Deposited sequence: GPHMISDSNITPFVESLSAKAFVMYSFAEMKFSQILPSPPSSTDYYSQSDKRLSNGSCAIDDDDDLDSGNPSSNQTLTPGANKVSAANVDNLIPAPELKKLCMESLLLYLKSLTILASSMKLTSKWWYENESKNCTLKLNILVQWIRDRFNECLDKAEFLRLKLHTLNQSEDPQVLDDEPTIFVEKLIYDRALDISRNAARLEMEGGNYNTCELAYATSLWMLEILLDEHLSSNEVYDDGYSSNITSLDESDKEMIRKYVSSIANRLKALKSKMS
C-alpha cells in the first residue's frame, strides 16, 4: 500500500456502492398487500446484501487504517477524507438497516413453527450474479429503444458486481471461469 491509497479506496467504494444500491432496491419493496413467504425472502435477500456491503466497507477501513498506521507521512488527501467519511456514513446506515431486517425476520419467524428445519438457502452470490445480468440486459433492450448514457452506467454497475464475486478478500472454478469470461462481453459492449 503506497503513499496514495486513494485509488484503492475509490475502487472499494464503487463496489460497496453497487452492493448498497442493490440492497436498497430490495429494502424499498419492504417499505399493505404483501404475502408473508415473499416478505420473508425479500427480507433475507436485502439482509445478505447489506452484510455484503458491510464486508466491503469494513475492508476499506481495514486497508485505510493499516495504511495510516504504517505510512510515516500522515499525509491524507481531501479526497480520501471525503471517501472515508462516506464509508463510515454508509457503514452506519447498512448496519442499522441489517439490524432492522434481522429483527423483522425474527418477528416473522415467531408467527410460524417448523417440522422442516431440515430445510432453503439464499446465496448472496447468485443474487449478485443474476441481478448483474438483469441490469445489462435491461440496458441492451433500452439501447434498442433509442438513452446512450444510461446504458453506460447500467453497464458499469454490472462489472463492479461480477468483480466482487472474483475478489478473495470479500468472500466453483467452473463458475469463476464463467465469470472470469463474463466481464469481457459487458466490457466490450461498454
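No alpha-carbon coordinates exist for the deposited sequence positions 1-5, 37-90, 179, 207, 233-248, 268-275, given here in order along the chain.
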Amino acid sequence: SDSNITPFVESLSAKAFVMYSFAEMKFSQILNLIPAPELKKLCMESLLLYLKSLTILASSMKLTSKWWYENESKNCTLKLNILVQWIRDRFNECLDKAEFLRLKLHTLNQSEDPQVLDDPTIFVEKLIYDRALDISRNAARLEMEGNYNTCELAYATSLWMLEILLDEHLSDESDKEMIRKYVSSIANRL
From here on, numbers count along this sequence of modelled residues.
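Stretches 51-59 and 129-137 differ in mean CA B factor, with 129-137 having the higher one. Stretches 64-72 and 34-42 differ in mean C-alpha B factor, with the higher average recorded for 34-42. Comparing the C-alpha B-factors of 113, 99, 93, 119 in the entry, the top value falls on 119. Remark: of 124, 156, 144, 162, 144 shows the highest value [criterion: C-alpha B-factor in the PDB entry]. Compared with the other modelled residues of the chain, the Cα B-factor recorded for residue 18 ranks in the lowest third. Among the modelled residues of the chain, residue 25 sits in the middle third by CA temperature factor in this PDB entry.
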